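So this first bit is one chain, no partners, the form deposited without protoporphyrin IX containing FE (HEM), shown in structure tokens.
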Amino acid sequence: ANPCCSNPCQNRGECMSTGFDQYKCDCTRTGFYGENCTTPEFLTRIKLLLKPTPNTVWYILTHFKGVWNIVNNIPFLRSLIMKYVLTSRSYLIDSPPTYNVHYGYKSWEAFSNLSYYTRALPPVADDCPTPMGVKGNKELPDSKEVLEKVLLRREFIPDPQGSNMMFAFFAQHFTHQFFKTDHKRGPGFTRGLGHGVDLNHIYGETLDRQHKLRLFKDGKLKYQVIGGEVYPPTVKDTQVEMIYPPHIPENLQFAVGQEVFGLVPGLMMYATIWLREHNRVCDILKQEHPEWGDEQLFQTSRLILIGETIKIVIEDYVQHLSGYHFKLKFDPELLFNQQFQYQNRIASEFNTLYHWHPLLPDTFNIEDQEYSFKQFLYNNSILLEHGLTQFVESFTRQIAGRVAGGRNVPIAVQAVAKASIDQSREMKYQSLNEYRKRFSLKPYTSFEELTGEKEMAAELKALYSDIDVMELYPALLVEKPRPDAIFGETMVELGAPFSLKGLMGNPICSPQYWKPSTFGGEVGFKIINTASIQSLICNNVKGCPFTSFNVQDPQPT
């Protein structure tokens, strides 16, 4: 019924119904005009000729290693490139946010209600004939069939880029601070009202939980020492709510910021490292400021760890994931003379695309043990038996799975993967090609162009019939990967805007915050600007073991 169901407006023009069977497109500041915003302005069709494809840019960034070695050592030139990366990626994100799962039009409810995930594309209206608007059949293909035919893993497919379990668990630990779906309300709702990197997974979402976790001395968090090494406090000693099965011992009920981090020993590893890091910074600050009280010590340390996190995510995590030879840079100063909104709202589509289930291996290998999913889940005693040093040594060398390419979702989590498909449909996501156009990509003209092969493409065409009906999430997992890469084109061109915007949109990156006094002086400031994934492990893990997000990296001496 709704005349906008066909998604007629192009180039980010907004569709509005003007009667029962008529629409109008708002082409304001899109660079286009005409009934569907498809006729380019003069300056627009000029930029369209010069603009290189995402695959062309990707090639240049992952080749010519010698040239980039020159660029990386020219500070003014490195700053210029990184500045363009930040601004060009951010422009794809609406800030202030607009639509959500219940609003295909802008409203004050959609803007102010922080319990929603925001939406990069408005949901398909309820009164549309087909799930994707007007194209395709009345029902989408069986999610169970899609899962079994192109998604399930027959044999483990390793990541060509060499991403290890240090990476996989960092990814899950880091993103679980702003990907906290409120399942009481629905998949379109969140419990992370910070909508970004506030480190609530360390300090707790609410003030009540924060105070239960704090020691109220030297600004430190509560802790216990087992075998000479520091671990999170117990549920008994703190009274914070954690999710543990009833058969778990009292001593092993670790209490951390996020309540689900007891699920995996891999998550509790990072929970422990950051806990040590917080208290480490506390003592350093107390050294500089013997006149400070507990409160200022805690708060300043939290700001520093926020800085450390963004520093690490950009210059180590994203750096590895990008595969670029260009040396990325965390420098808030780069945006001081640019137009940029220091705010961010977590998009539902960001949550969906980050469901990197193929990352998980068949077993978790520590020392000479091959723990299964059954053995690994909720077993914190594994962490105490081996210790963090052993965990780092083992996980640095265990490779993770290839996300794109298809048929690599471990069967142990097939229910979670199916849920990602169903909830995607429940939230009325638009098609893959609609999201590709949203992020300046050419739509796929066939299933073969999508997968880059024949066998999986044929299975999908039998299920979907039309390429313009193909769903976003399963496409991301079956998409033809870039040569020797972990991702396809769609994952990067969608993920990058969300990711970089969420990191730089933090208030500590704003000019009024980004100064030494905010972080307790030059010493505290330097902790942020020199932070790295290696230094984090080196300072907080026994023996200062070698670590990296890449199994391919040689360990010296």
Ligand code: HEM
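All residue numbers refer to positions in the sequence shown, first residue = 1.
Another form exists, deposited with protoporphyrin IX containing FE (HEM) bound; not displayed. Remarks below refer to it.
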Next on the checklist: So in the bound PDB entry, is protoporphyrin IX containing FE (HEM) close enough to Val416 to count as touching (4.5 Å, heavy atoms)?
Outcome noted: yes
Checklist entry - Heavy atom to heavy atom, is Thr181 within 4.5 Å of protoporphyrin IX containing FE (HEM) in the bound PDB entry? => result yes
Checklist entry - Is there any non-hydrogen atom of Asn351 lying within 4.5 Å of protoporphyrin IX containing FE (HEM) in the bound PDB entry? => result yes
Item to check | Contact of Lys220 with protoporphyrin IX containing FE (HEM) in the bound PDB entry (heavy atom, 4.5 Å) | outcome: no
Next on the checklist: For the interface check, one of 354-362, 275-283, 224-232, 121-129 should have non-hydrogen atoms within 4.5 Å of protoporphyrin IX containing FE (HEM) in the bound PDB entry; which one?
Outcome noted: 354-362
Item to check | Single option in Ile399, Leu303, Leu263, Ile157 placed near protoporphyrin IX containing FE (HEM) in the bound PDB entry, where near means a heavy atom within 4.5 Å | outcome: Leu263
Checklist entry - Since exactly one of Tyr99, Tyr464, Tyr203, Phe169 fits, which has a heavy atom within 4.5 Å of protoporphyrin IX containing FE (HEM) in the bound PDB entry? => result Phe169
Checklist entry - Looking at protoporphyrin IX containing FE (HEM) in the bound PDB entry, is some heavy atom of each of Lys106, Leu140 and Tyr429 within 4.5 Å of it? => result no
